[PDB]
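As a starting point, one isolated chain is supplied in structure tokens, in the form deposited without the partner chain.
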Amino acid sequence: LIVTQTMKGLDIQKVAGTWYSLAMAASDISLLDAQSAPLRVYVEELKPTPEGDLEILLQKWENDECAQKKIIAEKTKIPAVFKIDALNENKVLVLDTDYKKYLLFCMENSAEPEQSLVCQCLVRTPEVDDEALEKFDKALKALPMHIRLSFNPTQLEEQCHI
């Protein structure tokens, strides 16, 4: 409840498939800082289960290898908000998406709002879509982001973006 953009009428069945983390932004430099930074994760695929949940397939630099992890986000009463389990009460929010080109989403710990916000711009193809980045930035001006990363085509095709 910091993110004032929520998508009306989300059909998670339609966000299924292949995705590229084109841009990232966080409210804290230390969350996206290095490759081994805690929330520096790359989305590979979004898989919605028939129950209504959302299996997230991402990549992250855990050790000194591009490890593949599988997170599952359970649906809540609100169709655009999902829950990820732990000691950390993290919510996932879908801000906007046309299903065919991009998807904007943020993640925040319910307890530490300002200290856990991380948002990304996901695109279908490994191209630099300017229109998507505009919408991403627009949704971002209202939030306290302090670091913004952007990736190029070549990097998008590499595991963990090199």
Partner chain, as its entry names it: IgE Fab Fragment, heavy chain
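Positions refer to the first chain, counted from 1.
Absent from the display: the form deposited with the partner chain bound. The rest refers to it.
Not displayed here, the partner chain is kept clear of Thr49 by more than 4.5 Å at the level of heavy atoms in the deposited complex.
Residue contact check for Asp53: none of its heavy atoms lie within 4.5 Å of the partner chain in the deposited complex. Proximity of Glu127 to the partner chain in the deposited complex: non-hydrogen atoms within 4.5 Å are present. Taking the partner from the other structure, the partner chain in the deposited complex has no heavy atom within 4.5 Å of any heavy atom of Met7. Residues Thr154, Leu156, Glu157, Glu158, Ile162 are the ones in 129-162 with at least one heavy atom within 4.5 Å of the partner chain in the deposited complex, listed in sequence order.
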